[PDB]
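Following: one structure in structure tokens, then a few remarks.
Following this line, the structure appears as structure tokens:
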């Protein structure tokens, strides 16, 4: 099926350069360095960043309140009202997980720390859309930082900066079912030619999942005549999906992204980031014209249902002194992030 130049335009505007469209001139491997860092999606059902990810240790929220002179009870309540358990007051009230058995959305009874009853919240609700761009744009916290008597773990800082990105306006280049021609062209140009990366939805199911991409590799390119492709993949004597298509190329490629973890420390500088890098193969026919330029594509081999819904890039970090509606100052968080990365 033919390729829409609408999404390519958005990219060409942002990068200030034309996209490479000739398949033979595209790179077959592109890795983004440094890798985006691993971190959790700070689920809503666990009360966002109010969660004690470390046993016995105060939450990242509580640590932020203590350090920067805010009331713990009210700051954590603010976190919960916007992003945590209290943000779902309208959902079915519960005391145990037995109560939520009526629903069919994947709910789990969610009770705040100190409280006795809560609400039935789906466990996938979170801030993956906020962590992903932070993983890319923000240098990973490496080692602990003490500020006003409280120690912030690299993981605590990952929590704080993630919620900042949720609360702040982050400018995006949003693009996207998704044409495999576009997928290949975007992935090869951004990861390969432009020393950059993006955020992808890798589920293609009901729920939305955001992961920062680490790399893209082409594992196979196999030229095919229109007649060869049509028979092999559709059982047809002629290729129906694009009148303008002159020849075909079967491509098998792998996208590589970072997944969630609560593991503390600077995972990227450790080389430990490899443990939290996963991926998926994608199979597609690319449509070529006479000049060997990609003009379209078709998904094959069950990548028909299982392919990324959209691709987006964060244009830049949030503005220097932004304060979230939860009371989270990006100025305060940036200060701690700089010390964590430089190890002071």
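Numbering (our numbering), first residue to last: 57 to 400. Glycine included, every Cβ here is placed at the ideal spot set by N, Cα and C.
Per DSSP, cross-strand counterpart(s) of residue i
i	result
residue 150	174
residue 86	272
residue 367	231, 256
residue 163	178
residue 206	203
residue 349	78
residue 58	352
Limits of the unbroken beta strand (DSSP E) element including residue i
i	result
residue 140	It is not in any beta strand (DSSP E) - residue 140 carries neither H nor E in the DSSP assignment.
residue 273	266-280
residue 338	333-344
residue 329	Residue 329 -> no beta strand (DSSP E), and no H or E assigned at all.
residue 308	303-314
residue 203	201-203
residue 356	Note, residue 356: premise wrong, no beta strand (DSSP E); not H, not E.
residue 239	Unbroken run through residue 239 is the alpha helix (DSSP H), 236-243; no beta strand (DSSP E).
residue 157	Unbroken run through residue 157: none, as it is neither H nor E.
Beta carbon of residue i nearer than 9 Å to that of residue j
i	j	result
residue 103	residue 158	no
residue 387	residue 195	no
residue 85	residue 213	no
residue 176	residue 184	no
residue 246	residue 369	yes
residue 211	residue 100	no
residue 253	residue 88	yes
residue 359	residue 338	yes
residue 141	residue 174	yes
residue 392	residue 208	yes
residue 479	residue 215	Because the chain in this structure spans residues 57 to 400, residue 479 falls outside the shown range and cannot be described.
residue 414	residue 192	The structure shown does not extend to residue 414, since the chain spans only 57 to 400, so no value can be given for it.
residue 122	residue 223	no
residue 98	residue 187	yes
residue 71	residue 231	no
residue 249	residue 82	yes
residue 380	residue 219	yes
residue 268	residue 189	yes
residue 105	residue 135	yes
residue 139	residue 382	yes
Supposed contact pair residue j and residue i - C-beta distance, whole angstroms, cut 8 Å
i	j	result
residue 199	residue 399	5 Å
residue 40	residue 348	Summary: the structure shown does not reach residue 40, with the chain confined to residues 57 through 400, and so no result is reported for it.
N- and C-terminal bounds of the alpha helix (DSSP H) containing residue i
i	result
residue 98	Note, residue 98: premise wrong, no alpha helix (DSSP H); not H, not E.
residue 184	184-193
residue 220	210-223
residue 62	61-71
residue 118	116-123
residue 382	Taken as a continuous stretch (DSSP letters only), residue 382 belongs to no alpha helix (DSSP H), as it is neither H nor E.
Between the stretch 329-337 and the stretch 91-99, can you find at least three pairs of beta-carbon atoms closer than 8 Å? yes
Measuring CB atoms only, is the stretch 272-280 touching the stretch 299-308, in the sense that at least three cross pairs come out at less than 8 Å? yes
Kindly confirm or deny that the stretch 336-353 and the stretch 227-239 touch, where touching means at least three C-beta pairs closer than 8 Å. Cβ pair count under 8 Å is three or more, so yes.
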